[PDB]
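Contents: one structure, followed by commentary.
Just so it is clear, none of the values below were taken in a lab; they were calculated from the coordinates. Ideal geometry is used to build each Cβ from the backbone, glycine not excepted, and the neighbour counts take in all protein chains shown.
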DNA sequence: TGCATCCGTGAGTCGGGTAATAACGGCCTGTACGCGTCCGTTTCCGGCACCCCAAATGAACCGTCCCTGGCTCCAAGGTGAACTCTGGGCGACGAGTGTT
């Protein structure tokens with residue numbers, strides 16, 4: 001319990017409430033189970049059927065789950081300049 | 001007391017974006033939203049107290065911008081004659097020519 005609560009409260013650059021992290025992890029887990037079972041990836045409507053909630057909220061959860069990237073990671077094929085040198 | 005052993009700077013110039021996990025009820029509250037009701041406002045229907053206001057309805061009316069009246073005093077239309085061409089009419093004279 002302590003480890004999972006701390007993961008939810010501290011693992012992400014943008015804090016996500018545990019009530020939303022739980023649904024994100026559950027969605028990912030059962031979606032990978034569905035992919036393994038069915039042989040293809042599950043579509044958002046199919047995943048919403050298991051979430052017992054609407055595909056709009058499924059998509060909102062999906063776009064919420066994304067994490068930021070570093071402004072200083074090298075973007076070029078070689079190491080020449082940082083991503084921060086491309087942002088207006 | 002060297003002595004290996006890290007250990008800390010290079011090394012120039014103007015195509016984009018790639019992922020994981022057991023987690024699950026149950027209670028609280030909190031800020032935002034959703035109901036029902038009541039009161040200040042405000043905005044007009046038609047009323048005056050009358051405010052009167054006024055363009056439209058009778059005058060003159062006098063100067064003036066139109067009519068009628070007569071009068072000229074002149075310059076244009078009517079009345080002459082000639083003449084210098086303008087044109088036709090008259091006449092004579094001369095060689096190229098119809099003919100046996």
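Listed here are the residues, each with its yes/no results for (1) surrounded by 14 or more Cβ atoms within 10 Å (Cβ to Cβ); (2) assigned to a helix (DSSP H, G or I); (3) without any contact (Cβ under 8 Å) to a residue 24 or more places away in the chain.
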{"site": "A:24", "(1), (2), (3)": "yes, yes, no"}
{"site": "A:33", "(1), (2), (3)": "no, yes, yes"}
{"site": "A:37", "(1), (2), (3)": "no, yes, yes"}
{"site": "A:40", "(1), (2), (3)": "no, no, yes"}
{"site": "A:46", "(1), (2), (3)": "yes, yes, yes"}
{"site": "A:62", "(1), (2), (3)": "yes, yes, no"}
{"site": "A:76", "(1), (2), (3)": "no, no, yes"}
{"site": "A:79", "(1), (2), (3)": "no, no, yes"}
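Of all residues in segment A:65-73, none satisfies being more than 7 Å from DNA strand B (Cβ to nearest atom) and surrounded by 13 or more Cβ atoms within 10 Å (Cβ to Cβ). Within segment A:3-22, which residues are under 22 Å from residue A:53 (Cα atoms) and either outside any helix (DSSP H, G or I) or in contact (Cβ under 8 Å) with a residue 40 or more places away in the chain (or both)? A:16, A:17, A:20 - these are the residues of segment A:3-22 that are under 22 Å from residue A:53 (Cα atoms) and either outside any helix (DSSP H, G or I) or in contact (Cβ under 8 Å) with a residue 40 or more places away in the chain (or both).
Within segment A:48-60, the set of residues being in a loop (DSSP other than H, G, I, E, B) and touching a helix residue (DSSP H, G or I) at 6+ places or on another chain (Cβ under 7 Å) comprises just one member, A:54. Residue A:32 meets all of the listed conditions (1) farther than 30 Å from residue A:87 by Cβ; (2) more than 9 Å from DNA strand B (Cβ to nearest atom) but one, namely (2).
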